[PDB]
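Below you will find one chain, with nothing else, as structure tokens; this is the form deposited in one PDB entry, and questions on how it binds or moves follow later.
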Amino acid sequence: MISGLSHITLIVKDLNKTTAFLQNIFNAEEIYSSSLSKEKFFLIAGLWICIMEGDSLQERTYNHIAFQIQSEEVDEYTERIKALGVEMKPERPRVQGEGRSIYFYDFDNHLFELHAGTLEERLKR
């Protein structure tokens, strides 16, 4: 059986610029630096994230990872995002029981979500 999540790997054109983005917004903790290729490992809220430098670029889509935050934190995270001038999506339509979320991109078409809801709340079906 699957024990759980091992890690998430992302490809970016500029590793040092992405590093700063991760360290600033997600308080990412760099735990490794290159090797087969140029890469860095970060710990983000317990999750092992791998960033590799490459010219590969996925077209933008709703395929994304979302991190858990608290409702009372949506505004502060919003100010933080605006400050770095990163691109933010507008309010997405949602149903009752679906908490607030903010969406923004990195520099390589990676959509990230900060969700203030709980799976339990969305199970009023």
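Note that residue numbering follows the sequence shown and begins at 1. The term rigid core refers to the most C-alpha atoms you can superpose between the two forms while keeping them within 1.5 Å.
Separately, the form deposited in another entry exists; it is not shown, and the next lines address it.
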Next item on the list: Determine, after fitting the two forms on their core, whether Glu91 shows a C-alpha shift of 2 Å or more between the shown form and the other one.
Entry: yes
Checklist line | Flag for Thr118, CA shift 2 Å or larger between the shown form and the other one after aligning core | finding: yes
Notebook entry, point to check: Once you compare with this form, do the C-alpha atoms of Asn63 and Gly97 lie closer or farther in that other deposited form, given a change of 3 Å or more?
Noted result: farther
Next item on the list: Tell me whether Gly97 and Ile65 end up closer or farther apart in that other deposited form, going by their C-alpha atoms; the shift is 3 Å or more.
Entry: farther
